[PDB]
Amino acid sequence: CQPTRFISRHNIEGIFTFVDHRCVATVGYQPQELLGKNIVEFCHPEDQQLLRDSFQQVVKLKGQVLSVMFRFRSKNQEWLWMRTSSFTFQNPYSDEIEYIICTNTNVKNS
């Protein structure tokens, strides 16, 4: 196939600050339904802490890729297994607070 995925950007707390429109096919929501909300809000309660600790660590990893697997609640009311790969970017011309760039794919847990 050609596995489906979408890019998002987040501030360090988890809030969606940018979402690529490929999110419709992957998790069923429109970008405007994600923008402004925290990724942790769509996350299964057993995986929320793992996701919060992952956000915290990705900033310590010096722009390196961090990967996390978690259950995301689609707009079709299903728990989807999502592998989110993320890394921080900070423009080295600036001292602006870094932010977090993600790619999000529905994967199989097996």
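One rule holds for the numbers: they count along the sequence shown, beginning at 1.
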{"query": "Given 59-67 and 74-82, the range whose Cα B-factors average higher in the PDB entry", "finding": "59-67"}
{"query": "Mean temperature factor over C-alpha atoms, higher-scoring stretch between 47-55 and 29-37", "finding": "29-37"}
{"query": "Chain-relative CA temperature factor third for residue 16", "finding": "lowest"}
{"query": "Residue 23 CA temperature factor, ranked by third within the chain", "finding": "middle"}
{"query": "Chain thirds of CA B-factor: placement of residue 103", "finding": "lowest"}
